[PDB]
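What follows is one chain in structure tokens, specifically the form deposited in one PDB entry.
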């Protein structure tokens, strides 16, 4: 027996059904939509929708194999990759917290460039979606990072001579790289909510996208007279929606957060699967894995060069 309150019916139709004596879904299985429309005072369309609603996995080994074949996204920082367990994983949410200037945006652009590295070189060969909330996204910097990555791949390819590396490097080009980055600019909380609502439809027809970036979880102007929009958004708007997006479409969601800057709601601390805090110590950048379900807490070094994120 399945109680009617457990189904996503309209409240008015459920009340009408209960007033007519119906309690469980098993009692609505045989009734015809026309008969139901007269037994209780509802329209034909509502009866059909009600009947549709009423009528409507993998072990851990399969998931281990899936996460083995499915790769990680590298960031060209060896220590950060090692502490992360290989790189930014797929089917998870990763929040990068820290004060402004630590390098949260540079890592996002580096990952956008790095999600397109061909599989034969160990990459994922995917495309990126960049939802920019602050307007910090820059294209010339992405050109610099893409050129650096192409130089690196060319340098490695010499060892294997004429194997698949030759053919793979032909497609991996600056223009083809830049044509695989889809950019959205959400100016306010309403637009952000709308675009988060519309993302699944976009992805259903862009099955080659493997990385979604929300650079900015709370808008920078602050002094939010629109606190209600922030409350509704962080309320399931970017905890369940993005985890479902990451799992159904098998991609990685990266959220940037300026509010938490030291080692935005009491429930927002439980949202992201992984939390990395970027902070200054002794006038040098450090990355701390504050929260993670698979790696112990650790702190490592990193720095920013003209070629992008790199080790010290």
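Under this definition, the rigid core comprises the largest set of C-alpha atoms superposing within 1.5 Å between the forms. Residue numbers count along the first chain shown, from 1.
In the deposited entry, the stretch joining residue 48 to residue 49 is continuous, with no residue of the deposited sequence left without coordinates. In the deposited sequence, the stretch from residue 56 to residue 57 hides 10 or more residues that have no coordinates.
Same protein, other form: the form deposited in another entry, not shown, and the subject of what follows.
For the residue set 174, 194, 139, 228, core-aligned C-alpha shifts between this form and the one not shown reach 2 angstroms or more at a single site, 228. Once the cores line up, the CA of residue 163 ends up 2 angstroms or more apart between this form and the one not shown. When the rigid core is held fixed, the Cα atom of residue 237 travels 2 angstroms or more between this form and the one not shown. Note: the CA-CA distance for residue 131 and residue 229 expands in the other entry relative to this form, by 3 angstroms or more.
Pairwise change in the other entry: residue 191 and residue 220 C-alpha atoms lie closer than in the shown form, at least 3 Å.
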